[PDB]
RNA sequence: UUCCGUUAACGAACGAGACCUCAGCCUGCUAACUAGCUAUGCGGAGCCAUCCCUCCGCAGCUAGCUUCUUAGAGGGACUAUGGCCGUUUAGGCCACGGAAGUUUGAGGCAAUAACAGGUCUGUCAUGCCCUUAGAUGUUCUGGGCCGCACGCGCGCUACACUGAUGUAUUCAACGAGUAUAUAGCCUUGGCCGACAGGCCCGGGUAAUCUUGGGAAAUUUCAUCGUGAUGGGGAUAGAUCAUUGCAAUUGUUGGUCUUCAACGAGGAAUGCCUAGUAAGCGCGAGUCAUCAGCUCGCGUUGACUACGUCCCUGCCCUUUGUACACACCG
Ligand SMILES: [Mg+2]
Ligand SMILES: [Mg+2]
Ligand SMILES: [Mg+2]
Ligand SMILES: [Mg+2]
Ligand SMILES: [Mg+2]
Ligand SMILES: [Mg+2]
Ligand SMILES: [Mg+2]
Ligand SMILES: [Mg+2]
Ligand SMILES: [Mg+2]
Ligand SMILES: [Mg+2]
Ligand SMILES: [Mg+2]
Ligand SMILES: [Mg+2]
Ligand SMILES: [Mg+2]
Ligand SMILES: [Mg+2]
Ligand SMILES: [Zn+2]
C-alpha cells in the first residue's frame, strides 16, 4: 500500500476496505490505478460497456450531482459541493470519509426488483436479481436524489444535506432517503417472489 | 543548452511550454502556476509536478503561454504542456532511460497527459437546435 | 511583483492605499449611480469607487492603450430582459472616464498617443511597491 | 429465516423479457461449488459478476 | 533602382492559383531576385444558406452554398519593369493579378 | 436585544414591518422601490445593516424628511416618478395613496378626452399595443 | 423599393455580399455564379 | 426557524447563543458546523452567521470560510 | 440485393459502397513582417540594490526560426498484427500498439416507380378562361393584415439558497463591414452626460481597422434566510432619447414608480446514445428601426443503454383472402 496520492491532498486512499465481495470489482477505490487528487477527470467513459466500472466512485457521485437542467454542466460547483460534504463527514465521524461514502454506496443498493416478464404465454411481473453494476448505479441515484430533495426549499446547504445522507446510509439507519427507497423496492420485489 | 518548446491541446485551447535550464520556475502567462485560478481544478495543473516531484524540475524554468478554449480546457492543455515538455526534455538532454521512467509514471496515472483528446464539438444540423436534438413534433 | 500576488488581495491592498494615501476628488453622484445600465442597485460597498480604481489601474498596468469604450466592455456583463432572453450589456462610461481622469490627477496613468491609456513609470513603481506587501 | 447467498455468473445465456431488459445467466454457488442454476438478472452483467441472492431455491427455466 | 513590389493573387480555385503562383516565383528565381513568398492568407468562405423549396411546404430543408476565395502574396525587390516582364506570362482563367508598390 | 424593538411601524399609512432590514422594509410604501429606498437610506445617513425596528425615531423623522422633499436633499431630477407633471409642472415623488389617486386622475383625463388609451382602459382591453388573439 | 435583379420580385431577397437576388432565382443561378454545394 | 427575524429579540442579545446554547450544539459530535446546525437546532442563519463571528472575536471556536457561504465549527480542542 | 457460397441460369445496368466537404494526427516538407516565437540590445518597475533574478515596453541585416498561427503538397488506418469463435470462407468478438480500430466522427450526393402532395402569390415559366378605361392595369392618400368571450401548435421567462443581488476576477469560435455623401458601412480613440445619447480628431474595401473579437454560464468575497421573500417580472403612470418622411392601437432603447399569475404542473405527449442531452452566451439572415425565430458557432459538460420486437412502424420469406380506389377494403 505505497500509494501517496490523496484526494484534494487531504484524504488517504490507503485503508479503504470494501466488505462486499459482490461489488468489490465495481467500486474503484481499492487499486492504485483508481486513486486521484480530484474527482474531475475528463474521462472518455460511456464509449464501451462496463467502462464506467473503472470511473472513480467519487467522480461517479460528483457526476450525479449536476442534475435538473439549471445545474447541467456545472461540474466545478459539484466538485466544491463534494469537497465540503467530505470535510463535514470527517468533521462528524472523525473517520476516513471515503470509507463512509463506500459504505453508504454498498448499503444503499437494492438486491431484488419486480418487472413484467412473459411466462409460458402470459405476461405478469416476477422478481429478478440486480447486477452489481446496476446496484452501484441505483445506489448513487438514490443517495443523490435524496440529498437534492432534502436541499430543495430549505436553508440547509446541499453539501450538508449530502453529508447527512451519506453518513446515515453508511450507518444503514432507516432514516435516509436511500435506505427507505432500497427497502421499499426490495419489499415490492419480495411480495411478488 | 537545454531548451524545448512543447504544446498541449484540448477542445480548442492550446498551451505551449518553453523550457530553459533555470532553477524551479513555472509561470503560465507570467504568473506562478500556484495561481491558475479556477482553484477547484488547481490540483489538476499540479498533477504532473507531484507526479514527478519538484526535484525533477530543479534545473528548468517553464514559461507556459496558454490561449483559446475555456477555463477547464486551458487547465487540461497546461497539464499536457508540463507533461510532454518534461518528456521531451528528458528525451533530448537527460537520458533515454530516465525519460522512459517518467513516461511510465505519467502514463500509468492518465493516458491524456501525453495524448490529446480528439473530441471536438459536433456541428449543428437544421431541424433542431443541436447536433442531435430536433424540434418538438406535434401531430394534432 | 503584481503578477506574483493574487489579484483579489492585491486589489484589496491597493484600494486601501488610495484611501489613506492622501485623497482624490469624489463626484457628488457617487452614492446614486448604478455603474451599469443593466444593474439593479448601486454598488453594495460604500468604498466601491476606490475598489473600482484599484481594480482598474491594474488593467492599464497589464495592458496598453485601453480607451473608455473598452473599459465599458470590460465591466459590462449579463442583462436579463424579463421575459425575453438575456444578452450582453456594457457599463457606464462616466465612471470609467472619471476614474481614469483622477488617476491622471494623481499621476498613476496617463493618456497615450496612438490612443488609449498607459501606466506611468511612477504608477508602475507604487503598484509594485504595494505588491511587495501582499501576503 | 433466509440468509443472503452469494453466487457467481459463470456463463451468460441470453436476453429474456418482452423488451429484452432481462438477462438469463447460469450462476454457481461459492460455498457449494457444485450447484449451478439458472437465474434472471436486471442490469448489465458479464461473465464473472457476483450476484447476491435473497433466496437460493428459485431456479429459472430455458428462455423464461 | 530596387523597390518593394507586392503582387497579390486571388482566386476561387486552389490549383489554378497555385500554378500561376509557382510560375511567378520561379520566373523571379531565375533573375536571382529576392522573392519572399508565397504567403497564404486565411481562406475566405462566402456562405449563403437558402431554403430549397420555392413555396414553403413540407419539411424545412436548407442547402448551404459556399465560395472559397484564396489570397496569395508574393514579395519582390526590383524595378517595376523587370516584374512586368515576369508578370506577363500566360495567366489561367479566374486568377487576379494586382501588382502594386508597398512603402 | 432591541428592547423597544417594534414589529409594526405605520409609516405613511403602510404598516411597515419591524422584522426586516430598513432598505427593504421601507419598500412596503407604495411609491418607493428598492432604488428610492436605497437613496433614502443614504441621504438620511442610516446604517443600512440595521433592521427597521432597531431604529431610533429621530432617524425616522429624517426618513420622512427626505421622502417628502426629494428635490431638497439634492436627489436628482431623473430619479423621481412624477417628472414634468401635466396638472402642475413639478418634479415630484408621489407616495403611498397619491400614487393611486394620481393614476385614476390620469385615466379619468383620458376617459373624458375620448383618447385611444382612455377607451382601451375603459373597455378592459390591453392599452400598450400587445396582441390579443390568444393572450389575457 | 428593393427588388430581385433577375425577376423584380419583392420577397425572399438576398442582399448579402451585394447579390440582390430572390431566394429562388439565386438557387436557379447558384452554380453559374459560383456557389458550390460542398456540405 | 426565523433566524434572521430573530436577530433582535431581547434573548438573542442577552445570553442565548453566548454559550447558553452553542456550548452543546457543536459538542453532539464534539464538532458540528454552525452552518450544519442551522436546522438540527432549528435556528437558521444570519442571526447566526453574525454570531459565528462573535465567537471568533471571543476566542471560543475555529472556522473555515468558502464559496457557498460554507462555515464550520469546532468546540474547544 | 455487402459478401461467401448454392445454383436453369449466364453475363450486365442503376441504387449501397467507392466518391467529395469539414473535423481529428504530423517538432516531417514548402514558406511567411497582413502570424508569431526565440535570443540579443536598448527603455521602465521591483529587489542582498551593482551586476544577477523576475515582469512589461520598444527597434532591427538576430535566428543553423517555423513549435505555436495560416494554407498548400503529401503521409497516416488497411481491421494491419495477436488470440478465440466461423464452412475454420465471408466475417465476428478480444487485445498490445496507435492521433484514430462503430465505415474515426459529422455531413453533401443519392435508384425504379409514384402522389391528382405543395407551389399559376418567385420567374416578361406557361394552356385555357375572366377583365382590360367607369380597369381585376398602374400610381397616390388614409385604414387593415396586429382587431378579441374562446380552442390549438412551436416557443421565451420562471416558480429560487446546486439561488438572486453587489464587488473582485476573465477564458472562445463561426462570421460581418454596397461612394456606406463629402466622414459614411463596421467603428477604435478623446471630451460632455447618471443612463439614453451626443460632438471632435481618425482606421479599415480589410490575417493590416473595428477585433489577440477583454461573451455568458463559471470562479471569488459579501448581502439576503424558507418569507409569493431581496424568487418572478406580467399589467400600468409619468418622463427622456434614438431610427425614420411620418412611431397613434405604445418601433426600439433609457429613468423612477406599479409587483399580477406562477408552490415543479391531470389525462396525454416529444427529442435524445458522447464532447452527445441539457445549461450558457456570440455571429449571420431578415434590417432605416425592430429577433422571444431560423441558420451557424464556440463555451461548461453528464444520467442511462450497448438490448429488444412489447407498443408504433420498416425490409425479406412462407401463408390466407369474397380486397385491387387495395382494411380508411
Ligand atoms: Mg436549500
Ligand atoms: Mg437563461
Ligand atoms: Mg459516411
Ligand atoms: Mg411556380
Ligand atoms: Mg396603400
Ligand atoms: Mg417549426
Ligand atoms: Mg428579481
Ligand atoms: Mg454574480
Ligand atoms: Mg416590423
Ligand atoms: Mg440581426
Ligand atoms: Mg420568421
Ligand atoms: Mg382461410
Ligand atoms: Mg374486385
Ligand atoms: Mg374494416
Ligand atoms: Zn428573382
Q | GNM flexibility winner over chain C from C:36, C:57, C:46 (Cα, springs under 10 Å) | A | C:46
(Q) Against the empirical 2.2 N^0.38 Å scaling, what ratio does the C-alpha Rg of the range C:27-67 come to? (A) 1.35
Q.
Compute the angle between helix A:132-151 and the longest alpha-carbon principal axis of chain A, please, reported from 0 to 90 degrees and rounded to the nearest 10.
A. 70
**Q.** Cα-based shape type of chain D, given that a ≥ b ≥ c are square roots of the gyration tensor eigenvalues and the cut on a/c is 1.5
**A.** prolate
(Q) Could you tell me the calculated FRET efficiency between residue C:21 and residue C:62, based on Cβ-Cβ distance and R0 = 22 angstrom, to the nearest 0.05? (A) 0.55
Q) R0 = 35 Å: FRET efficiency of residue B:39 with residue B:129, Cβ-based, nearest 0.05? A) 0.55
Q: Quickly estimate the mean residue ellipticity at 222 nm for chain C, helices only: each DSSP H run with n ≥ 4 gives -39500 (n - 2.57), and the total goes over all residues, rounded to 500.
A: -13000 deg cm²/dmol
Q) Calculated from DSSP H runs of 4 or more alone, at -39500 (n - 2.57) each and per residue, what is the 222 nm mean residue ellipticity of chain F, nearest 500? A) -11500 deg cm²/dmol
Q.
As an exercise, use a Förster radius of 56 Å and the Cβ-Cβ distance of residue C:129 and residue G:36 to find the FRET efficiency, rounded to the nearest 0.05.
A. 0.35
**Q.** Tensor-based shape of chain C (alpha-carbon gyration tensor, a/c under 1.5 rounded, otherwise prolate or oblate)
**A.** prolate
Q. Between the helical axis of F:34-43 and the dominant principal axis of chain F, each derived from Cα atoms, what acute angle in degrees is found, rounded to the nearest 10?
A. 40
Q. Angle, helix F:96-113 long axis vs. longest principal axis of chain F, Cα atoms, 0 to 90°, nearest 10?
A. 10
Q. Remind me, relative contact order of chain D in percent, using alpha carbon pairs under 8 angstrom and six or more residues apart?
A. 39
Q. Among F:123, C:29, what is the fewest-to-most ranking by other Cβ atoms within 10 Å?
A. F:123, C:29
Q: Would you compute, from DSSP H runs of 4+ residues alone, the mean residue ellipticity of chain A at 222 nm, taking -39500 (n - 2.57) per run and dividing by the full residue count, rounded to the nearest 500?
A: -14500 deg cm²/dmol
Q) Among B:77, C:92, H:45, B:55, which comes first, then next, by fewest other beta-carbon atoms within 10 Å? A) B:55, C:92, H:45, B:77
Q: Identify which of B:90, B:109, B:18 has the largest mean-square fluctuation in a Gaussian network model of chain B, with springs joining Cα atoms closer than 10 Å.
A: B:109
Q.
Restricting things to Cα coordinates, could you compute the convex hull volume per residue of the range H:1-57 in Å³?
A. 69
Q. What is the extension gain from residue C:122 to residue C:30, computed as 0.36 nm multiplied by their sequence separation minus the C-alpha to C-alpha distance, in nm to one decimal?
A. 30.4 nm
Q) How many angstrom lie between the C-alpha centres of the range H:19-53 and chain D? A) 51
Q. Would you list B:85, A:31 from fewest to most Cβ contacts within 10 Å?
A. A:31, B:85
Q | Whole-number percent relative contact order across chain B, with pairs defined as alpha carbons under 8 Å at least 6 apart | A | 29
Q: Apply the Kirkwood formula to the protein assembly as shown: the hydrodynamic radius equals the inverse of the mean of 1/r over all pairs of different alpha-carbon atoms; give it in Å with one decimal.
A: 35.5
Q: Jot down the per residue volume, in cubic angstrom and as a whole number, of the convex hull over the alpha-carbon atoms of the range A:24-160.
A: 156
Q.
Once you place label points 7 Å from the Cα toward the Cβ at residue B:29 and residue A:123, how far apart are they in nm?
A. 5.7
(Q) Running a GNM on chain A with Cα contacts under 10 Å, which residue among A:34, A:68, A:90 ends up with the highest mean-square fluctuation? (A) A:68
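Readers should treat all values here as calculations from the given coordinates under stated rules, not as data from a laboratory. Neighbour counts run over all protein chains shown; Cβ positions are idealised from the backbone, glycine included.
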